[PDB]
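Below, in structure tokens: the form solved without the named molecule, a single chain.
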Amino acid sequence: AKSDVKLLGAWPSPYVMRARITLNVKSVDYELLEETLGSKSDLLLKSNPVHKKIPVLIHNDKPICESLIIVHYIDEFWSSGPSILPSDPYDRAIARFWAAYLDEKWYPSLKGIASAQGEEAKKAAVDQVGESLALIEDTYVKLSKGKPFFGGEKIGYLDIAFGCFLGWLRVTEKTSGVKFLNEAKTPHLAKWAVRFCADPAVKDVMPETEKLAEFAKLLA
């Protein structure tokens, strides 16, 4: 409820979006407090002194930090609602593994295209993103087992962990002039991404591409 669940967030953040989608799945209402560009609020600094990052879930006045940990916490506290994590230990380990991969390696590589200077660096950064999408496509085929989502019949942990970046992916495609996730290159992910963005827990917390692209300009 808004009385007992607060989320320190910011609408462009893919990490924050993970927390919002998961709360939606669990039918948990919450208040969302927006951070402003270029400064961290005193409330954020107080609630996440270690990292000073969003999201922060404040549940009954206790702060929980790090989006993937927050997603676990929401799944575990609100355990009677639809499950986010897979039920099987091996499946769980694999979903956790790919989410950690996305944060550690994949997402940082998106930004690397804009940062690259010169043709060899640009080609390298663009090629890397393409190679990783090929890996993620293969992984999707393996994990989904023919079902609509990474998590099976309904969105799960890995859908949320990857799908939270789709807005920034689309912006990166616009600015790089290369389409990475599409029918030709990643036909399975292409169908999945339409379904994911149409999911009622996702549809209104996923930023429209041009709006995010405008924000990307305001960014410095």
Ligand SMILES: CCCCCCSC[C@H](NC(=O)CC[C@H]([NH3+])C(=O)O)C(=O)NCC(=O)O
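Numbering starts at 1 and follows the sequence shown.
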> If you average the CA temperature factors over each stretch, which comes out higher, 58-66 or 29-37?
Replying inline: 29-37
> Out of 41-49 and 166-174, which one has CA B-factors that are higher on average in the deposited record?
Replying inline: 41-49
>> According to the Cα B-factor stored in this entry, which of the following is highest: 84, 135, 116, 93?
In response: 116
> From 143, 71, 102, 110, can you pick the one with the highest C-alpha B factor in the entry?
Replying inline: 110
> Thinking about Cα B factors across the chain, which third does residue 152 belong to?
Replying inline: middle
> Would the CA B-factor of residue 20 place it in the lowest, middle or highest third of its chain?
Replying inline: lowest
> When the modelled residues of the chain are sorted by Cα temperature factor, does residue 9 land in the lowest, middle or highest third?
Replying inline: highest
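Note that the form solved in complex with the named molecule isn't included here; everything after this is about it.
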>> Given that the named molecule is not shown alongside this chain, does residue 192 nevertheless sit within 4.5 Å of it in the entry with it bound, heavy atom to heavy atom?
In response: no
>> Since only the chain is shown here, I'm wondering whether residue 24 would be in contact with the named molecule in the entry with it bound (any heavy atom pair within 4.5 Å).
In response: no
> Does the named molecule come within 4.5 Å of any heavy atom of residue 196 in the entry with it bound?
Replying inline: no
>> Just checking whether residue 169 would be counted as a contact of the named molecule in the entry with it bound - the rule being heavy atoms within 4.5 angstroms.
In response: no
>> Can you work out which of 34, 173, 31, 66 has a heavy atom no more than 4.5 Å from the named molecule in the entry with it bound?
In response: 66
> Of the residues 185, 188, 59, 53, which one places a heavy atom within 4.5 Å of the named molecule in the entry with it bound?
Replying inline: 53
>> Using a 4.5 Å heavy atom cutoff, which residues in 189-216 contact the named molecule in the entry with it bound? It's fine if the answer is none.
In response: 215
